2 protein chains.
Amino acid sequence: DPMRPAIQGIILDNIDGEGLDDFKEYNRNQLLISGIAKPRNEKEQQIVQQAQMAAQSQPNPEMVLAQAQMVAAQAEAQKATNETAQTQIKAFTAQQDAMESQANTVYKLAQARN
Amino acid sequence: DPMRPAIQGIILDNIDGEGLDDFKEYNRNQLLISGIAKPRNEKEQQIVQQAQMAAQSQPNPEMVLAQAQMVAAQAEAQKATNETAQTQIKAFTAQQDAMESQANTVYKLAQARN
């Protein structure tokens, strides 16, 4: 369950003595980019948290790229959804031309009697 | 959890005695290329850290190459999204030619009476 890493992060944020500034800063960065620390409105809310929001929007193209194999199919089906209808339109045009040719050949039978 | 390697790296950065210069330097390199050491603004922030930023941008083509199998499909679908519409345009052109031929063959029926 998620819990246990969060409990360890909170514990390590407290405690500690000499020579642990870099380690504690590294811990707090991961603790606050995961929505557990509640930035205290000085620098991280606008620097590392905003970068975290960008990196939340950053890998959406990356992950849909791993899911674009059925997005190329989405696009192909979406366009074929309107392209093949040209065949219905062509059939309608051919029916109109058939009516024309019906009139024309009736006239042809009218003329050939002379 | 990540933690444990970071704790070991921090521990090994401290301590140590005679004849451990190369090992400690090798450890510190991996310690700051992973964003835990905070370069102390002398040489590494501009030499190895910049190279690591480049090597962060370096393998993006390498990894999307492992994900380009559905990027060739992206490109093919994207172009077919505008190429097949030539069939709709051709159907429109054929309809225009059909109405022209309607007028032309009506004229043909007009002339053949003499």
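- cryo-EM is the method the PDB entry states for this structure, with the resolution given as 2.76 Å.

Concerning a nonpolar patch on the surface
Residue and element names in this part refer to chain B.
Step number 1: A contiguous nonpolar patch, built from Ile-7, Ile-11, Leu-12, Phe-23 and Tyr-26 and spanning about 450 Å² of accessible area, is present on the exposed surface.
Step number 2: Elements that contribute at least two residues to the nonpolar patch include exactly α1 (3–13) and α2 (21–33).
Step number 3: It is α1 that contributes the most residues to the nonpolar patch, three residues altogether.
Step number 4: Residue classification places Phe-23 among the partly exposed positions, given a relative accessible area of 37%.

Examining the packing of α1 of chain B against α2 of chain B
Residues and elements named next belong to chain B.
Step number 1: The interhelical angle for the contact between α1 and α2, taken along N-to-C directions, is 140°, at an axis separation of 10 Å. When the axes of α1 and α2 are compared, the pair comes out oblique. Crossing hand, α1 versus α2: left-handed. Within the contact between the two elements, α1 uses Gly-9, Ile-10, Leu-12 and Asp-13 and α2 uses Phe-23, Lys-24, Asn-27, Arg-28 and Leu-31.

Comments concerning the nonpolar core
Step number 1: The biggest cluster of nonpolar side chains holds six residues, and these are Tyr-26 of chain A together with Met-3, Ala-6, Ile-10, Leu-31 and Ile-36 of chain B.
Step number 2: At three residues, the largest contribution of residues to this core is made by α1 of chain B.
Step number 3: With near-sequence residues (within four places) excluded, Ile-36 of chain B lies in contact with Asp-22 and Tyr-26 of chain A together with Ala-6, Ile-10 and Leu-31 of chain B.

Brief notes about the relation of the copies chain B and chain A
Step number 1: Rotating chain B by 30° about the axis while translating it 0.0 Å along that axis superimposes it on chain A, leaving an RMSD of 0.1 Å.
Step number 2: Take the interface residues of chain B: only 14% of them recur as interface residues in chain A, which is what a contact between different surfaces looks like.

Some words on the UniProt feature "coiled-coil region" (unreviewed entry) in chain A
Step number 1: On the UniProt side, "coiled-coil region" (unreviewed entry) is annotated at positions that read residues 63–102 of chain A here.
Step number 2: Secondary structure across residues 63–102 of chain A comprises 90% helix and 0% strand; the distance between its end C-alpha atoms is 59 Å.

Regarding the interface of chain B and chain A
Step number 1: Between chain B and chain A, the contact holds 35 residues from the first and 30 residues from the second.
Step number 2: Of the roughly 2,800 Å² buried at the junction of chain B and chain A (both faces included), carbon and sulfur atoms supply 59%.
Step number 3: Considering only the side of chain B, the residues that lose the most area to chain A are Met-3, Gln-88 and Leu-109 of chain B, jointly responsible for 19% of the buried surface there.
Step number 4: Our enumeration of links across chain B and chain A arrives at zero salt bridges.
Step number 5: The tally of links from chain B across to chain A stands at nine residue pairs in polar contact.

Comments concerning the side chain of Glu-100 of chain A
Step number 1: Tracing the backbone shows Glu-100 of chain A in helix α6 (residues 85–111).
Step number 2: Although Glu-100 of chain A is buried, it forms no salt bridge, and the closest oppositely charged side chain is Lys-108 of chain B at an N-O distance of 13 Å.

Focus on the pattern of salt bridges
All names here are of chain B.
Step number 1: For the coordinates displayed, the defined rule picks out two salt bridges over all chains.
Step number 2: Residue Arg-28 is joined to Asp-13 by a salt bridge in which the shortest nitrogen-to-oxygen separation is 4.0 Å. With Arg-28 in helix α2 and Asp-13 in helix α1, the pair connects residues that are 15 residues apart, well separated along the chain.
Step number 3: Between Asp-16 and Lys-24 there is a salt bridge; the shortest N-O distance is 3.9 Å.
Step number 4: Residue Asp-16 is classed as partly exposed on the basis of its relative accessible area of 31%.
Step number 5: Look at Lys-24 and you get partly exposed, because its relative accessible area is 29%.

Definitions and cut-offs
- By convention in this text, residue numbers begin from 1 on each chain and track the written sequence, not necessarily the entry numbering, and residues missing coordinates are not displayed.
- Labels are handed out in written order, letters beginning with A for the chains and numbers beginning with 1 for the ligands.
- Scope of values: the displayed chains only, which are part of a larger assembly.
- Heavy atoms throughout the structure, all of them, feed into the side-chain values; hydrogens and water do not.
- Two joining distances apply to patches: 9 Å for like charges and 5 Å for nonpolar side chains (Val, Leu, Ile, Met, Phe, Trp, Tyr), and every residue must have over 30% relative accessible area and no salt bridge.
- Note that accessible areas follow from Shrake-Rupley with a 1.4 Å probe, and for residues the cover is restricted to the protein chains shown.
- Within this document, salt bridges are pairs made up of a side-chain nitrogen of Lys or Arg and a carboxyl oxygen of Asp or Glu, the two lying within 4 Å of each other.
- Helix and strand definitions here come from DSSP, where helices need a minimum of 4 consecutive H or I residues and strands a minimum of 2 consecutive E residues; each element is numbered from the N-terminal end.
- Between buried and exposed lies partly exposed: a residue is buried under 20% and exposed over 50% of the maximum accessible area for its type, with that area taken using a 1.4 Å probe on protein chains only.
- Interaxial angles span 0 to 180 degrees and are taken between N-to-C directions of axes, which are lines fitted to C-alpha atoms, for helices over the stretch in contact.
- Geometric relationships in this document are graded by angle, where less than 35 degrees denotes roughly parallel, more than 145 denotes roughly antiparallel, 65 to 115 denotes roughly perpendicular, and other angles denote oblique.
- Two helices cross in a left-handed way if the nearer one is turned anticlockwise from the farther one by less than a right angle. They cross in a right-handed way if the turn is clockwise.
- Throughout, a contact is declared for two residues whenever any of their heavy atoms are within 4.5 Å.
- Nonpolar cores were defined as sets of buried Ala, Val, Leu, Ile, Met, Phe, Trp, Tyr and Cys residues, with membership established by side-chain atoms within 4.5 Å.
- A least-squares superposition on the C-alpha atoms brings the copies onto one another.
- UniProt positions are given in the numbering used here, feature names are shortened, and annotations may be inferred rather than shown by experiment.
- Here the buried area means the combined drop in accessible surface, using a 1.4 Å probe, for two parts upon being joined, counting both sides.
- Here a polar contact means two N or O atoms within 3.5 Å. Within protein one must be a hydrogen donor candidate and the other an acceptor candidate, and residues neighboring in sequence count only if both atoms are side-chain atoms.
- Charge counting treats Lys and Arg as positive and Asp and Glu as negative, with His and both chain ends excluded.

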